[PDB]
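Have a look at the structure below, then the notes.
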There are 2 protein chains.
Amino acid sequence: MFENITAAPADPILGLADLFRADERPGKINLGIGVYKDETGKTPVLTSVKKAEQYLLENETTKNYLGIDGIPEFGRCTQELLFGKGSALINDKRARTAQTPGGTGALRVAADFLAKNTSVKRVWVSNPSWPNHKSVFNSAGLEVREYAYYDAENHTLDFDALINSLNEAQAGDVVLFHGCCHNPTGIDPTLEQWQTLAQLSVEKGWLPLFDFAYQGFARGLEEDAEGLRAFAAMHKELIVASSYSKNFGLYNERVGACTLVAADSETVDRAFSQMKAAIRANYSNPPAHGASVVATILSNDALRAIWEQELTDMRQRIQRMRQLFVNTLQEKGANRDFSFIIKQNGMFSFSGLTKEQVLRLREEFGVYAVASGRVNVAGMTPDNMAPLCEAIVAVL
Amino acid sequence: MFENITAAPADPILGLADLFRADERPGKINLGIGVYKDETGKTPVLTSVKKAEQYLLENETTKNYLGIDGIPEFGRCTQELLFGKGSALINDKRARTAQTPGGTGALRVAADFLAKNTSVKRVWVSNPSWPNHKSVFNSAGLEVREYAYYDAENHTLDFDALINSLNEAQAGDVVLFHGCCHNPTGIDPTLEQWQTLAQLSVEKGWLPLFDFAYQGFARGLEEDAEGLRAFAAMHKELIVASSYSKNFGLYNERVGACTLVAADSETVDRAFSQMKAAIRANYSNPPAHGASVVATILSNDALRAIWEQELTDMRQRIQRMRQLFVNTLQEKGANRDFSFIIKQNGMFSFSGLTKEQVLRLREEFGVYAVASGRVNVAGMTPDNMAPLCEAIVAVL
Ligand SMILES: *Cc1c(COP(=O)(O)O)cnc(C)c1O
Ligand SMILES: *Cc1c(COP(=O)(O)O)cnc(C)c1O
């Protein structure tokens, strides 16, 4: 039965973590996966997290199954993070959140849900976009077309091209947006551009799906949600797949949520009962640990002040590696001008490095960037900044 | 978009948990859902687990993404649980194991893998069988037919009726078997009967798919897998969705594994690469906490000895409750003979109660059992044994 199965191509992102491993070059540099590293090159467990964990070890008395939808406080606390405190969607009881294994898991459950309870045929994901969007949507059976986004010549948001390409979008289609910190570009629409986009999906009839995976990493917890919010204000229906992987440094615990907002309480309640049926058909119920942690941290005023501090240190440290990179790049000989990198938000900059330049960096210099030229700035430290900028310049 | 979504029926097992967590009657008895309960009426966190957990808190330095397939030693410790330390599938590098969100997460990825990389079109699940088998397979795209199993008259395995029913399955079809502790009948094949099904399966070209969710609740760790080991010796290929939910009391942490065996390593390698592709499109990578706990325990001689003692305590308390149940039943003057209940194994008993007795039993006596007459003998306590046998005896 398995004899003619062909081998699957390694993940463009997750595949790098593999090569880097089997690579023995002593001074190798990993700028691939979107995991935060500190000044010393480690991905530390946040303090607020270790504290929450102590608390759980002491106070947990059962492992008993959570419910299809997970921990209630988790959902409740994530909607205030998403929508705001004393928000219309929350008072009206328009929304329902299921806890899922990471934001990928949210994406998929949203996919299987739509494919199965709606007349949804296709989803629009930006160009470029996180490579895995394509794969989860096709797995549920949805077609994914693409809308223009990045202007590679001026390294900006091509608003027109975005708008004009979206016109081929039918009423009833899903249009996927990135809450903030566009992966891979890091170029986000402004608030006015968000509102403009909020008003069009309402007139054109699309159902927005937000991939919120970097809340906190651009400007601030609240600021980062303006776009999603400008939208929730005008939309009757919405889907939000958010992740706690990056902002809680909780990567392998798998914490995310799929938030379903409808016109009203009874509808959303009804819509949501099918989502739970899909989750039951998939992984049954979610992993308790990471979600309990996030819940513990968000529901305790002290733990939460600490966490907010830690997140703010991650954000800011990344903003220092951005400005250090262009400098060292211009200090070291850079032919081109990489200053547009400073205008990008999040762990990533789209370098504008050619697939042969990235292949060379990896091969000749052990420097690992992704084939598109997306480099993880948070993977850069003041001790590897010099060897990095010399590898890149010797390949331009 | 959501206005037309029909509300979904509650899960026949998981929804029960809610109807229960909702009637404010005082002496209400939940006998529906497979969580273990001790003499005091709760599902405590096992002590080997609290210990492994402390170790993790002290010892973890990072929450960085695991690999799509999870933790190596986890996979490696699972295979020896399944096949046997020594075992040819291990030394010939014939199996590959992926860490998954529970046995339900295993079953689903095997379904998604089978449906997209093979020509499998239908799968055979016994009658009766875990109600969720059908929803999982159907979600992947597969059709599920049924093979005879339970003889409701004599409360046994209707061997020839199962064998005659399976003779309608074609070469290239998936036939799902339960490793031990048939859910919900508790009737399991004999080793002789396992061989016969092993040989016949090999002759009819079926692909065996084992759901092993109770290793250790029947006779013991090693002896519960005999049936499974009987097929592995004769087959080139087979898959195993195994759970650690019940036997490690890690129910909400979601720990299980999908084990893929092929004729040889080059093949299983190639096969597995697509199984990793199906996972990446689903949840991305597995939750670390509980598989790190299981790994720690199986790796450590002290922790493993303690955990094994805990398992044999649960198993034995259950075998105590099943003898106490048919006796007190026999003492409160139950019209019927319920002696077969002793004959079955694992957490459950197929009571033989009609849909209406079990509905009466709950509205009227707060005794919660699954509509099929399935009762969790492990939710029985010497305190609640008297009131429950009087509820049962009064509806028959
Ligand atoms: C990281 C990320 C995801 C995946 O989050 P996980 O929780 O790791 O599964 C999805 N979308 C975007 C835009 C991301 O950055
Ligand atoms: C419990 C069970 C499963 C599920 O294992 P989980 O880890 O809880 O998903 C699968 N099959 C059977 C027969 C079970 O009893």
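Numbers run from 1 along the shown chain.
Method reported for this entry: X-ray crystallography, 2.3 Å.
Positions of Cβ are set from backbone N, Cα and C atoms, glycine also.
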According to Swiss-Prot, one residue in A:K50, A:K116, A:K246 is annotated as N6-(pyridoxal phosphate)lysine; name it. A:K246
L-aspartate site, defined by A:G34, A:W130, A:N183, A:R374: further same-chain residues with Cβ within 8 Å of the Cβ centre: A:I13, A:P131, A:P184, A:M347, A:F348, A:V370
List of residues, in chain order, with Cβ under 8 A from that of A:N183 (L-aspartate binding site) and at least 6 apart: A:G34, A:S129, A:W130, A:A213, A:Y214, A:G346, A:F348, A:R374
Please compare the recorded positions A:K246, A:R374 by how many other CB atoms fall within 10 Å of each one's CB, and tell me which has the fewest. A:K246
Per DSSP, three-state class assigned to A:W130 (L-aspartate binding site): coil
Once the DSSP letters are reduced so that anything not helix or strand counts as coil, what is A:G34 (L-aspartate binding site)? coil
Cβ neighbour count (10 Å, all chains) around A:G34 (L-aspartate binding site) is 23
